[PDB]
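Taken one at a time, structure 1 and structure 2 that follow are two forms of one protein chain, written as structure tokens.
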Structure 1
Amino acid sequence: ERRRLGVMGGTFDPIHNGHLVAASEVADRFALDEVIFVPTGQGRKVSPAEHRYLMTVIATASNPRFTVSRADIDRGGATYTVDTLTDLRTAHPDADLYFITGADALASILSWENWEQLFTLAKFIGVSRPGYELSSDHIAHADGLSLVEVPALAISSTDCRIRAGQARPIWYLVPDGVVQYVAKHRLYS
């Protein structure tokens, strides 16, 4: 039972309060002393990695326990969580990793590259998300997976992008820094 590092992977395009409240609640419920946010590397035109990274940095800046890693952005090619977990175990050799996933992402886990290997590298925490069933029953045939209720914020990055594309407000769905960053760099307009 070594020290606990949270890991939250995502496109973060943009990062929103949904992601951040999930990470925060998990950090508290599992006494994580840090959460590492990992934007993924590069139909829909995903915003450039540097913008996704910077928005995530700005969004997490104010929280004492939140940091951001360039591991996936700097690796190049397809982002796979096995590679993300490999990298972070190398960077934090004496820590136990806790990969944080929302209900919709958890439900997809069997399609992930070398998915069996995931549970040799980290423990997984599924968090609730409005409009999705939180469940471990899809991998019942496989304390490597814990399910957690977090505050229900019905926010998606898709909705945030659509609003911003329509000049409709994204205030309070995303941190004030992200509102500014999105307007200044004209990310979805």
Structure 2
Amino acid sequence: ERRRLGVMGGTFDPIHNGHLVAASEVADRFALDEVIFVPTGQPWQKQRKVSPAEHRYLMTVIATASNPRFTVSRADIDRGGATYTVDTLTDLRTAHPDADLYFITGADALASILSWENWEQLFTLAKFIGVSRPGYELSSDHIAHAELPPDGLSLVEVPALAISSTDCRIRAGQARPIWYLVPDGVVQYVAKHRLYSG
């Protein structure tokens, strides 16, 4: 029986309960033995100043610590240059050569992955799961510009992804509470390091 590993890729600025719900749901639905959270090292620059990678890594560790089936990888953080998912999966394939990999991320990010990165490598390395919030309307036809390999892509709606990291950052900047949006431990970490209150 091959091990089945989720690879949960995100910038996580901050990680929030929506991400955790999504990973837990996908792990159960796809019978995953473990979910490996991989915070981005250097996410693509958007028109936005991302917290230092070490802060995002620690928040992800804090958030996932209590789950026996979650862990955190530094694979992207400890690779120089912009983060690309072919590289993420090559590294994890190396560290887990006998495992079946399932890469999990937001539906919108998965569209970007498929539009820029090489499909031959991507679908040789893993299957893909796109998770989306209520009201987000994307078809599997629209997530790619062409037909995808057989069982290569699944899409999963997760109601708790109504919670967004952007909303958490704005609230923190406005000195509005992020209790219950964001895990205990992470709330206090955000505040004492003043990550968004600047």
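FYI, numbering is relative to structure 1, first residue = 1. The term rigid core refers to the maximal set of C-alpha atoms that superpose within 1.5 Å between the two forms.
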Legend entry - Entry of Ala49, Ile58, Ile162, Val148 that shows, once the rigid core is matched between the two structures, a C-alpha shift of 2 Å or more: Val148
Legend entry - Core fit, then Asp104 C-alpha moves 2 Å or more between the two structures: yes
Inset, instruction - Tell me, please, whether between the two structures the C-alpha of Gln117 is shifted by 2 Å or more, with the rigid core used for superposition. - result: yes
Inset, instruction - Fit the two forms on their core, then tell me the C-alpha shift of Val127 between the two structures in angstrom. - result: 2.1
Legend entry - Core-referenced Cα shift (Å), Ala78, between the two structures: 0.6
